[PDB]
Amino acid sequence: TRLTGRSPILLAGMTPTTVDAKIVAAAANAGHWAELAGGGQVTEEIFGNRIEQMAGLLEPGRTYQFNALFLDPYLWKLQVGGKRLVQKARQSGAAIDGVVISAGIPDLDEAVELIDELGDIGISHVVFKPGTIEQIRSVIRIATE
Amino acid sequence: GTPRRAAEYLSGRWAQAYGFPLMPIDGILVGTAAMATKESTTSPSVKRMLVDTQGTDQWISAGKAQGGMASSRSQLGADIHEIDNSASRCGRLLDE
Amino acid sequence: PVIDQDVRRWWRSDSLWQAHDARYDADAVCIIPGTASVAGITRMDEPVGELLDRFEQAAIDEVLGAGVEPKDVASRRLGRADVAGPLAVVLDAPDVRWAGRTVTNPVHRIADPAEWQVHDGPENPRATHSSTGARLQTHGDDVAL
């Protein structure tokens, strides 16, 4: 709560459930870490339409976050890597202040490049979720370097 | 699950079952307990089945089902959890 | 389409959206919850703000049982933790809403963390940046950069 400014109960990115603007905007208006799922925005039209819906639904001031599947290759190239749709939405002025990297941890140099790339445009919350103990110690190495 | 369990993971009181000091943490994330909410857009029959089911606390071995839930295989071979119904029966049959 | 060796691929290909439309019964559709939280949930169509506030309120009760007097904090963030008031919020806020759009905070942008010097002599907090000359005066309860 000291870092973000929001309540310590979160709302995870869920591909059937939190793929929808209604629940993620209500959880963000309640003052909580809400997280729009990334495994359902499969095309550019659907992505732009959901950004438009979220901008319609939030009140002034509130922000929301975003989940990005990493080892899904086409979806990762569409969201973050190849086209930069999250980055373009943030530069246009959407309220995304957080990207959650799910299902895998990148290596050292491209992970540090990803933190610096998102901190350039001003995402300022690049979080990881690890699976196993070695997956945890890799992120300890990230936060040390 | 219950907010009592959320508090006992947040306060660090969960470690005395293993005989350690208090190991507090600073946030807990809730996915599944928000599936049956108002703004969520599952089907109301799915919400009713999701209320009416109750799940175990122990592990579920792969390709079996213990008490409402089940664990089966996916498109690529990865493991997933399912509610034991007509989807899951056909899923483990195609797994065989 | 066919019954073949790839029949698990055909049947499990994108099998998760069907739980979100009313034209299917709850029996014949893939639902993917957890294993202990299903026993955790109890009732229907409950609002997300009340759910997450209940999850916070139990831990608030468990720590308030020790008899700790809560101290008044002007926000929830409390980043720098030596000044309090409106400019505390202005300093530690990373994003602002600047005429409809979410641009990163300019007072943050001039010198991103904590390099502003504080002054609370006659009890008006003000912050200066030495290398450029920027100021954070407080016109009553209002912040002027």
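For the record, the sequence lines run as chains X, D and G.
Take the first sequence: its position 102, counted from the start at 1, is 523 in PDB author numbering, and no numbers get skipped.
Take the second sequence: its position 60, counted from the start at 1, is 675 in PDB author numbering, and no numbers get skipped.
Take the third sequence: its position 104, counted from the start at 1, is 960 in PDB author numbering, and no numbers get skipped.
Think of the CB as a built atom: it goes at the ideal place given N, C-alpha and C, for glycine as much as any other residue.
Looking at X:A510, X:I544, X:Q508 and X:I554, the one whose alpha-carbon comes closest to that of X:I526 is X:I554. In this structure, the beta-carbon distance from D:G682 to D:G670 falls below 8 Å. Between the C-alpha atoms of D:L644 and G:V963 there is a straight-line separation of about 32 Å. Three or more beta-carbon pairs separated by less than 8 Å link the region 440 to 454 of chain X to the region 483 to 501 of chain X, which places the two stretches in contact. For X:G469, the uninterrupted alpha helix (DSSP H) segment begins and ends at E465 to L478. Here the C-alpha atom of D:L637 lies approximately 38 Å from the C-alpha atom of X:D441. For D:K662, the chain G residues whose Cβ falls inside 8 Å of its Cβ are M900 and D901, in order along the chain. The beta carbon of D:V666 sits no closer than 8 Å to any beta carbon of chain X. Proximity of D:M650 to chain X, defined by a Cβ-Cβ separation below 8 Å, is satisfied. The DSSP assignment places 951 to 954 and 957 to 960 as complete runs of the beta strand (DSSP E) inside the region 928 to 972 of chain G, in order along the chain (cut-off: 3 residues). Only those residues of the region 423 to 435 of chain X whose C-beta falls short of 7 Å from the nearest C-beta of chain D are listed: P429, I430, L431, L432, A433 and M435. Put simply, the CB of G:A875 is near chain X, with a gap under 8 Å to one of its CB atoms.
Apart from sequence neighbours up to five positions away, the residues of its chain that approach X:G519 with a beta-carbon distance below 6 Å are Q486 and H546, ordered along the chain.
The criterion of a C-beta distance shorter than 8 Å is not satisfied by G:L934 and G:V999. For G:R932, the closest Cβ of chain D is not nearer than 8 Å.
Its chain contains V520 and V547 as the residues whose beta carbon lies nearer than 7 Å to that of X:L539, once the 5 sequence neighbours on both sides are disregarded; these appear in chain order. Where X:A455 is concerned, there is no enclosing beta strand (DSSP E), because DSSP gives it neither an H nor an E.
Annotated as distal: G:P978 and D:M650, with beta-carbon spacing of 8 Å or more.
DSSP places X:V520 in the strand class (E or B) of the three-state scheme. A residue is called buried when at least 16 other Cβ atoms come within 10 angstroms of its Cβ; G:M900 does not meet this threshold and is exposed. Below the 9 Å Cβ cutoff, chain G contributes no neighbours of X:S523, its closest Cβ being approximately 15 Å away.
Here X:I557 is exposed. Its C-beta has fewer than 16 other C-beta atoms within 10 Å. Excluding its 5 nearest sequence neighbours in each direction, X:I542 has C-beta neighbours in its own chain below 7 Å: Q508, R511 and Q512, listed in chain order. Taking 8 Å as the CB threshold, X:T438 lines the interface with chain D.
Within 8 Å of the CB of G:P950, the CB atoms of chain X belong to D518, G543 and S545, in sequence order along the chain.
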